[PDB]
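Encoded as structure tokens, the structure appears first; notes follow it.
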Amino acid sequence: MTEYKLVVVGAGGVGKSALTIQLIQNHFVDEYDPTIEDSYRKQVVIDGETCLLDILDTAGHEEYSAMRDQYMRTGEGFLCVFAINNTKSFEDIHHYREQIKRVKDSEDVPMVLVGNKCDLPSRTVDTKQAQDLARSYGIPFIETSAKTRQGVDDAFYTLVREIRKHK
Ligand SMILES: Nc1nc2c(ncn2[C@@H]2O[C@H](COP(=O)(O)OP(=O)(O)NP(=O)(O)O)[C@@H](O)[C@H]2O)c(=O)[nH]1
Ligand SMILES: [Mg+2]
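Numbering (the entry's author numbering) for the sequence shown: 1 to 167.
Shown next as structure tokens:
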């Protein structure tokens, strides 16, 4: 079986853990438990191909680290997550994309742009804004909610398809 090393990045509080736990456990976590570094595993069938997803869930609030660069470098593909109700998180996406391109030593890294918390009424970032950004990067955009489960499977599955397209 083919294995894919996925990493979930994005600012603090955006729902990185909630998305992963939703994928793995079919459970919504309402509590905020800040992450340092957690790893998960799941077998799935995508486009009729079985695979083993290893998912690295990261800290949103983390300064410079060689250790961070180290675990990031193992990544084949990256979910770049912002919250649609959090404008700074969305502006932060640049930082993450630059960080990824640095550590991977490449301009062509499988990535998906994920706009989470779409269930909240507090939208500050428009879809068109996120679509325009993704397009500029040449990557997909998916809207998600870790609460309703909208787009969750699709975010990860799409990342895998992006990985496949790359190789
Ligand atoms: N309504 C709603 N709340 C969400 C959604 N995703 C996450 N949350 C909430 O947002 C808070 C932070 O989520 P969490 O997954 O812990 O964020 P994180 O990005 O992993 N943070 P960190 O970088 O600190 O580990 C939690 O209270 C969680 O329930 C969503 O789609 N909808
Ligand atoms: Mg987390």
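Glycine is no exception: its CB is placed at the ideal position from the N, C-alpha and C atoms.
Around the beta carbon of residue 48, fewer than 16 other beta carbons lie within 10 angstroms, which makes this residue exposed. For residue 41, the uninterrupted beta strand (DSSP E) run begins and ends at 37-46, by DSSP.
Scanning its chain for C-beta atoms nearer than 7 Å, with the 5 sequence neighbours on each side dropped, one finds around residue 101 the residues 107, 109, in chain order. Burial state of residue 55 is buried, judged by a 10 Å Cβ sphere holding 16 or more other Cβ atoms. Taking residue 18 as the centre and dropping the five residues before and after it, the same chain places the C-beta of 29, 146 closer than 6 Å to its C-beta, in chain order. Comparing alpha carbon positions, the residue from 122, 62, 43, 1 closest to residue 87 is 122. Its chain contains 51 as the residues whose beta carbon lies nearer than 6 Å to that of residue 2, once the 5 sequence neighbours on both sides are disregarded; these appear in chain order. The residues 119, in chain order, have a CB closer than 6 Å to that of residue 148 in the same chain once the five nearest residues on each side in sequence are set aside. For residue 124, there is no enclosing alpha helix (DSSP H), as DSSP marks it with neither H nor E. Distances between the C-beta of residue 60 and the heavy atoms of ligand 1 include at least one below 8 Å. For residue 162, the enclosing alpha helix (DSSP H) has its first and last residue at 152-166.
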